[PDB]
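Student: Mind looking over this structure? Questions follow.
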Amino acid sequence: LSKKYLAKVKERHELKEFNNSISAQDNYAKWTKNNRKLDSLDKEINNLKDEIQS
Amino acid sequence: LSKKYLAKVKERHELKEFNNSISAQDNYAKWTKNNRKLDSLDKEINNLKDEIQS
Amino acid sequence: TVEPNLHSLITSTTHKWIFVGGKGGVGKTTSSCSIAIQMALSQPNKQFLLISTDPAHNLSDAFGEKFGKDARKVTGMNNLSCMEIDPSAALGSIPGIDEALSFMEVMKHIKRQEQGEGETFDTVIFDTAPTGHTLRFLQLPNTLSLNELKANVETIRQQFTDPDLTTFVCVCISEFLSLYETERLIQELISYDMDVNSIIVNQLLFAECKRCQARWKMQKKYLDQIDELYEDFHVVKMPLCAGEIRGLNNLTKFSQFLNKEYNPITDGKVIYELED
Amino acid sequence: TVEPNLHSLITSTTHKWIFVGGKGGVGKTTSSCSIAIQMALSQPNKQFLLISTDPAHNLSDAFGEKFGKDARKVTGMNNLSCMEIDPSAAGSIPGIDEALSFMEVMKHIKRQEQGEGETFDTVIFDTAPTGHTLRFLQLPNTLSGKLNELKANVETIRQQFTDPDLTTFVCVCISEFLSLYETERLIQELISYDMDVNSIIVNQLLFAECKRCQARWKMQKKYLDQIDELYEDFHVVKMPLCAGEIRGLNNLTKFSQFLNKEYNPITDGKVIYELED
Ligand SMILES: [Zn+2]
């Protein structure tokens, strides 16, 4: 299971760095969807983390 | 002393109603100074109130 | 494709509450008024109440007529009632307290306006404060777990959650800073389980001097982006009439474009009218 | 009548921390940059750092060059360094979150100083679009071995932001009721904190002398008349609306001047057309 967890963080971390490197002002649509998705992964993680907490 | 306290609240209450009845948008300068003053009286009061609390 | 207007809402038969938020100088106060005005022309057999906690009594500035603490009909119409009040005045550093008791007081005070009256309000519109919406109280009971309060909250929360009962209209302009905030808003609103499917974009020039045919550019720029990013929302696009716009006539006159999507090509002559 | 410019500040020789804030679309990011550029040109033997926690990297946008987590120089200058970072990345009481947040920035600013070898004289804070985490300096009051560990630190920052000679806050705003209202709301807050603020920048003015400008102007002028008799004791710099966006060191510099030598349409009208290309 922790093997799925790790799989996710790469995604989150990688997608953050990507969004970090884009003109949020010249690519607004893209920047946001990416942010939404970014937020999405944050929540999928903790659901995981907490399982693992047992 | 409470006789000064009461003296104030009239001021506060009366000034509020006045400000309430003015175009804050068409008399911005006036509206604000009045609001400042309004805020001023709120604080002079509690200094009083708390004395009386004894 | 989702109709680019507010016709669905302006003709609702389930909506008892309609909040209307948006931080910034966003022509929002004119937006709340248009909506209120339009519903009341589309459902006369219904009684609409438009309230403000804005303590500069904007609803008054807008109509150019002086409302107050007791619901009062707009001179010019027989189902639309403005009310301007202030909860703080009428009214433990926990997050949610102030907001709850406040709004709470509002409602208590709306019902007073209904009982002692005799006649009663169908659908009420909230023109959110210039210092933001108090809607954080929606999530009070959660961070909660005295109950006399948590009990009242729930009763309302239940009712603000039902998407047929209540929705929130977002106001905004075609600008990075504004939009950014608007999205941030939508996130929070959903954090709450609050329906939101409408976005009013004000002030667009549609420019077909030389500051206009430049400012238009960015507007049109970000417009394209809104388009790619809220497909599932009705987002009404609104014109910018020169100078201030207030007065039940004018207000009414301009409120139409929340109904039938303002089209510059054709609905053009109506914008010179309001610019005089 | 206090000088309607920022010349006192752009030449100050005591200020270590200059906050710049104001909500709304108020051409503020161009304000943060202008000020920063302007000091850099009036104190070369000094090092300036302009930082932003805006997660949309507005500093890069404004400069049209790509800054980052590590203090770096603006291409075209040698004493002005930009930095873009994100505190949130690196007990629901009021004050905590904001305090640690800022705290961490300070730590991180010093890192950019030691590991480097050269140090920053005066940093300019472009406050976040969600507004200043500045509530945190009233924490001591409204406020467990790790507890004091914080409050103590906080006091050490506060001690410094409290001193009118060391740190002031510039307000950015436009000549519009909603903004203006909000500004004063802000100034009160700032004062509630014993934070110095004696400077207001008013952007986007038309000074008009089509037919939609000469109408929007009336309002602007209208509220101008109000500011004038409501902040006598403030330097309030009034600034022109260049047509369209305005970025790039060159341009940013060319515009930044009107914070120093107050703008003037009758005369200085020639320059504004220069940026309108
Ligand atoms: Zn124009």
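Student: Using modelled amide H (1.01 Å from N, peptide plane; none on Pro or chain starts), what sits under 5 Å from the amide H of residue C:19, excluding residues fewer than 5 places away?
Tutor: Those lying under 5 Å, H to H, from residue C:19 are C:126, C:167, C:169.
Student: Antiparallel versus total DSSP beta bridges in chain D: what percent is that, nearest 5?
Tutor: Around 5 percent of the beta bridges assigned by DSSP in chain D are antiparallel ones.
Student: By counting other Cβ atoms within 10 Å of each Cβ, how are C:215, C:184 ranked from fewest to most?
Tutor: Sorted ascending by nearby Cβ count, the order is C:184, C:215.
Student: Across the stretch C:178-190, in residue order, what do the Karplus-derived ³J(HN,Hα) couplings come to in whole Hz, using 6.51 cos²θ - 1.76 cosθ + 1.60 with θ = phi - 60° and x for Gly and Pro?
Tutor: Each residue's phi maps through the Karplus curve to give 3, 3, 2, 2, 4, 4, 3, 5, 2, 4, 3, 3, 5 Hz.
Student: Give me the inter-chain shielding for D:61-67: mean count of other chain Cβ atoms within 10 Å, whole number please.
Tutor: Taking the mean over all residues of the peptide, I get 1.
Student: On average over all directions, what projected area in square nanometres does chain B have, based on the convex hull of its Cα atoms?
Tutor: 3.5 nm²
Student: Taking other Cβ within 10 Å of each residue's Cβ, how do D:15, C:109 sort, fewest first?
Tutor: Exposure proxy ranking, most exposed first: C:109, D:15.
Student: Next question. So which trypsin sites (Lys or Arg not before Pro) in the stretch D:225-277 end up in coil per DSSP with only 10 or fewer other C-beta atoms within 10 Å?
Tutor: D:261
Student: Before anything else, pin down the relative contact order of chain B: Cα pairs under 8 Å, at least 6 apart, normalised by residue count, whole percent.
Tutor: It comes to 45 percent, rounded to a whole number.
Student: Convert each backbone phi in the stretch A:4-14 into a coupling constant with the Karplus relation 6.51 cos²θ - 1.76 cosθ + 1.60 (shift: θ = phi - 60°), then list the ³J(HN,Hα) values in order as whole Hz, x for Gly and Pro.
Tutor: 7, 3, 3, 3, 5, 3, 3, 3, 3, 3, 5
Student: Give the Kirkwood hydrodynamic radius (Å, one decimal) of the stretch C:215-276, defined as one over the mean of 1/r across all pairs of different Cα atoms.
Tutor: Result for the stretch C:215-276 stands at 13.2 Å.
Student: Could I ask something else about it? Enumerate the amide H contacts of residue C:204 below 5 Å, restricted to partners 5 or more residues apart or on another chain; note that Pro and chain-start residues carry no placed amide H.
Tutor: C:238, C:240
Student: Pop out the ³J(HN,Hα) list for the stretch C:158-168 in order, Karplus 6.51 cos²θ - 1.76 cosθ + 1.60 with θ = phi - 60°, rounded to Hz; leave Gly and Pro as x.
Tutor: Along the stretch C:158-168, the couplings run 2, 7, 7, 7, 5, x, 8, 7, 8, 9, 10 Hz.
Student: Next question. Just counting partner chain Cβ atoms within 10 Å, what average do the residues of peptide B:21-28 show around their Cβ?
Tutor: So the per-residue partner count for this stretch is 6.
Student: Convert 20 °C to kelvin, take the viscosity as 1.002 mPa s, use the Kirkwood radius over C-alpha pairs of the protein assembly as shown as Rh, and evaluate the Stokes-Einstein diffusion coefficient in µm²/s, rounded to a whole number.
Tutor: This corresponds to a translational diffusion coefficient of 79 µm²/s.
Student: In terms of the ratio Rg/(2.2 N^0.38 Å) built on C-alpha atoms, what value belongs to the stretch D:96-213?
Tutor: Compared with the compact-globule rule of thumb, the stretch D:96-213 sits at 1.33.
Student: Between the stretch A:29-54 and the stretch C:213-245, what is the C-alpha centre distance in whole Å?
Tutor: Each part reduced to its Cα centre gives a spacing of 31 Å.
Student: Still on this structure, I have one more. Which residue is it, in chain B, whose C-beta lies closest to the B-to-A rotation axis, and what is that distance in whole Å?
Tutor: Minimum Cβ distance to the axis, with residue: B:25, 16.
Student: Principal axis extents for the stretch C:1-71, Cα atoms only, whole Å, descending order, please.
Tutor: 38, 31, 19
Student: Could you list, by residue number, the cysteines of chain D that have no other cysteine's beta carbon within less than 4.7 Å of their beta carbon?
Tutor: D:33, D:82, D:171, D:173, D:213, D:242
Student: Order by neighbour count: B:40, C:102, fewest other Cβ atoms within 10 Å first, most last.
Tutor: Lowest count first: B:40, C:102.
Student: Provide Rg and Dmax in Å for chain D, with only Cα atoms included in the calculation.
Tutor: Reported Rg and Dmax, both Å: 19.0, 67.
Student: What's the FRET efficiency of residue C:233 with residue A:39 using the Cβ-Cβ distance as r and R₀ = 22 Å, to the nearest 0.05?
Tutor: 0.75
Student: Give me a single rounded figure for C:213-220: the average over its residues of other chain Cβ atoms within 10 Å of their Cβ.
Tutor: For peptide C:213-220, the averaged partner shielding equals 2.
Student: In whole Å, what is the distance between the alpha-carbon centres of the stretch B:7-28 and the stretch C:1-54?
Tutor: So the two Cα centres are separated by 31 Å.
Rule-based calculations on the coordinates, nothing more; no lab input. Cβ atoms come from the backbone with ideal geometry, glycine included; neighbour counts cover every protein chain shown.
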